[PDB]
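Shown next as structure tokens: one chain only, the form deposited in one PDB entry.
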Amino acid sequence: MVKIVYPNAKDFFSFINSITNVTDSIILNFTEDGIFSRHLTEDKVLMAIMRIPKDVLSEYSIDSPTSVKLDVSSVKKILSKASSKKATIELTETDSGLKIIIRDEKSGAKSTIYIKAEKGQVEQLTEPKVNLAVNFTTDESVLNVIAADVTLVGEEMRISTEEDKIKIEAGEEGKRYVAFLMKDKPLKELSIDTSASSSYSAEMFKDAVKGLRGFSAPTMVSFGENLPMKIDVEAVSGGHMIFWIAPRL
């Protein structure tokens, strides 16, 4: 069995919403190190990874590493009960699946979600064994504007290294778009180990940026020449939500 208590309910719901952008069923993996989910758009281009370590959890206890399979119904069942309120989640493994207790902070009382789920064996975390040349940090607001800019003009986003700035372009025919991101306009952070240009499905960028919805935290983006793009955010109350995007070779 597994017993967990979550200090931030609002984040817990943000996470499940996130993984939704890549899958409609969700495998939660309970290891001795914590909770992790990892799923892939099934043409392999976009990856959603949720990583939540023990220490950020108010209470975490297991008999043995297990996984749980939340089918399309169970996800809808969990998300139907989502809220931005300050609340506590108590999650335990039960015989027929999971039991989730939501207890807010003001007004105190609690409703219980019974979840039907098959147990399984824990998979392990294969995180792309590449560290990328280009590195930068901004927020969700900035990425959202870009996602909707490129979409309006093309199906593909070509991200390029230029000097002291990041160049983003789209448009296949004649109608075109170029944005320049630089240090403090609007970036809080920029690092260029070496020069790089890669290309991605603009609509897989959209889906990834979309998976930042409920997170307040700043967002790290990284990429390399004809290499994948990682998009990283650390939830205010603990874990990381990560997306990777396989390039158009």
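We call the rigid core the largest set of C-alpha positions that still match within 1.5 Å between the two forms. Only residues modelled in both forms are compared. One rule holds for the numbers: they count along the sequence shown, beginning at 1.
The next section is about a form of this same protein that is not shown, the form deposited in another entry.
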Candidates 137, 73, 94, 160 - which moves between the shown form and the other one, C-alpha at least 2 Å, core fixed: 73
Rigid core superposed: residue 113 CA moves 2 Å or more between the shown form and the other one: no
Core-superposed comparison between the shown form and the other one, residue 82 Cα displacement 2 Å or beyond: yes
Inter-Cα distance between residue 78 and residue 30 in the other form, nearer or further [3 Å or more]: farther
Distance direction in the other form for the C-alpha atoms of residue 78 and residue 54, relative to the displayed form (3 angstroms or more): farther
Moved runs of 3+ residues, each with a C-alpha displacement of 2 angstroms or more between the shown form and the other one on the rigid core: 72-85, 107-109
